[PDB]
Amino acid sequence: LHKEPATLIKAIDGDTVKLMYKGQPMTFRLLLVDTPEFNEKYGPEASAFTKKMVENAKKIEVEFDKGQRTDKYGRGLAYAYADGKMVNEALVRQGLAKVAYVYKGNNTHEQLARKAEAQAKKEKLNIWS
Ligand SMILES: Cc1cn([C@H]2C[C@H](OP(=O)(O)O)[C@@H](COP(=O)(O)O)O2)c(=O)[nH]c1=O
Ligand SMILES: [Ca+2]
């Protein structure tokens, strides 16, 4: 997989963000994860976590997997990086997202995400508390 440039337009919630990609505004949904909705427990903390990561980043990148690049709602499906650190994995590591929506052929980082989830669960963090 390859990292490509993008710039932040605006934070949305724990697992969606509006980015400019190839010069066009798009909503991105983060692959392999599910954060709580803002109305749910840990939703606001997940939103804040993603917001801080993407707003503080000097460089945002997106990486598409091998399969579908947009979902049925027109959202981009990607792994997002802030100053080289994967947002998707970082949310799971912090117990702010569950590994979820693992579809075959867009699952390159599944192992990495599951290992983060195991560690978060062992530490009893947030969702796992
Ligand atoms: C993350 C992801 C979500 N989706 C779709 C499945 C779910 O459909 P439904 O809306 O029919 O439940 C939805 C969940 O996204 P959200 O968690 O943002 O609600 O997005 C994909 O199709 N591919 C993906 O990789
Ligand atoms: Ca969600």
Side-chain angles (χ1 to χ4, degrees):
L1 307 190
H2 294 94
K3 289 178 191 48
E4 296 179 64
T7 55
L8 178 68
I9 298 175
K10 70 184 173 133
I12 309 172
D13 80 346
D15 62 22
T16 58
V17 61
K18 195 94 192 178
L19 301 176
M20 191 183 290
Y21 167 71
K22 287 179 178 208
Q24 304 304 328
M26 284 171 71
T27 296
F28 278 85
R29 177 59 168 87
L30 296 183
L31 285 172
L32 308 188
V33 306
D34 190 30
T35 50
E37 305 296 324
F38 182 79
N39 74 306
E40 282 156 5
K41 194 169 190 181
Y42 298 112
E45 284 75 18
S47 302
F49 179 96
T50 297
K51 179 195 226 291
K52 179 191 185 131
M53 250 187 114
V54 295
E55 284 182 359
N56 292 11
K58 279 182 126 206
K59 179 163 85 178
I60 303 296
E61 295 170 287
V62 294
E63 181 178 66
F64 293 103
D65 208 314
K66 303 294 194 129
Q68 201 98 317
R69 292 186 175 197
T70 57
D71 68 14
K72 65 189 180 183
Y73 303 116
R75 308 182 293 181
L77 298 169
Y79 308 101
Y81 294 87
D83 288 333
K85 185 178 180 33
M86 203 206 302
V87 181
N88 310 54
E89 180 194 20
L91 283 154
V92 177
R93 182 62 177 82
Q94 290 313 315
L96 290 167
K98 294 182 171 181
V99 176
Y101 297 105
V102 186
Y103 299 95
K104 183 199 274 248
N106 264 356
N107 67 340
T108 294
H109 298 312
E110 177 180 12
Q111 282 168 301
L112 184 81
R114 292 201 186 272
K115 177 61 169 289
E117 191 183 86
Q119 300 158 326
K121 198 171 304 187
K122 277 156 192 195
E123 296 173 10
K124 279 184 182 78
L125 280 183
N126 287 313
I127 283 175
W128 309 116
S129 78

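Starting from 1, each residue takes its place in the sequence as its number. These numbers come from the heavy atoms of this one structure, side chains and all, not from hydrogens, waters or symmetry mates.
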Take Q119 and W128, measure what side-chain contact (heavy atoms from CB on, under 4.5 Å) needs, and give me the verdict at the end. CA-CA 10 Å; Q119 300 158 326; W128 309 116; over 6 Å; no
Any chance you could lay out the side-chain contact (heavy atoms from CB on, under 4.5 Å) test for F49 and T35, step after step, and finish with the verdict? CA-CA 11 Å; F49 179 96; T35 50; over 6 Å; no
Step by step, would you call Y79 with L32 a side-chain contact (heavy atoms from CB on, under 4.5 Å)? CA-CA 9 Å; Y79 308 101; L32 308 188; 3.5 Å; yes
Please test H109 against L31 for side-chain contact (heavy atoms from CB on, under 4.5 Å), starting from the C-alpha separation and ending with a verdict. CA-CA 9 Å; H109 298 312; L31 285 172; over 6 Å; no
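Ionic pairing of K104 and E110 is not present here: no N-O contact between side-chain nitrogen and carboxylate oxygen is shorter than 4.0 angstrom. At a threshold of 4.0 Å, the pair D34-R29 counts as salt-bridged, since one of the basic side-chain nitrogens sits closer than that to a carboxylate oxygen.
From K22, atom NZ reaches atom CD of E4 across 5.5 Å, with rounding to the nearest 0.5 Å. Note that CD of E45 is 8.5 Å distant from CZ of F38, once rounded to the nearest 0.5 Å. From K66, atom NZ reaches atom CG of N107 across 11.0 Å, with rounding to the nearest 0.5 Å. Distance check: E63 CD to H2 NE2 gives 9.0 Å after rounding to the nearest 0.5 Å. Distance check, rounded to the nearest 0.5 Å: CD of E89 to CD of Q94 gives 10.5 Å. The CG atom of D15 sits 11.5 Å away from atom CG of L96, with the distance rounded to the nearest 0.5 Å.
Across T27 and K18, no two heavy atoms sit closer than the pair OG1-NZ, 2.7 Å. Looking at every heavy atom in both residues, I127 comes nearest to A97 through CD1-N, 3.9 Å. Between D83 and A57 the shortest heavy-atom distance is OD2-CA, 3.2 Å. Annotation for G95 and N126: closest pair O-CB, 3.1 Å, computed over non-hydrogen atoms. In terms of heavy-atom proximity, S47 sits nearest to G14 at OG-N, 3.5 Å. Contact record, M53 with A82: O-CB, 3.5 Å, taken as the closest heavy-atom pair.
Looking at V87 and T50, their side chains come closer than 4.5 Å, going by heavy atoms from C-beta outward. Proximity of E123 to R93: side-chain heavy atoms (C-beta onward) are separated by under 4.5 Å at one or more points. Contact check for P36 versus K41: no side-chain heavy atoms found under the 4.5 Å cut-off.
Of the possible donor and acceptor atoms, none in the side chain of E61 sits under 3.5 Å from a partner among the backbone N and O of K3. For the pair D71 (side chain) and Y73 (backbone), a donor-acceptor distance under 3.5 Å is present.
When hydrophobic clusters are built by joining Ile, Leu, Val, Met, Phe, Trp and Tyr residues whose side-chain heavy atoms come closer than 4.5 Å, directly or via intermediates, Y103 is not grouped with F64. Taking hydrophobic clusters as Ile, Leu, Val, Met, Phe, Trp and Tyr residues chained together by side-chain heavy-atom distances below 4.5 Å, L112 shares a cluster with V62. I12 and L91 are assigned to two separate hydrophobic clusters, defined by single-linkage of ILVMFWY side chains at heavy-atom distances under 4.5 Å. Both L8 and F28 are members of a single hydrophobic cluster when ILVMFWY side chains are connected at heavy-atom separations under 4.5 Å. Hydrophobic clustering, with ILVMFWY side chains joined whenever heavy atoms are under 4.5 angstrom apart, groups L1 together with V92.
Each of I9, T7, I60 was checked for a side chain to side chain contact (heavy atoms under 4.5 Å, CB included) with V54, and the lone residue meeting it is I60.
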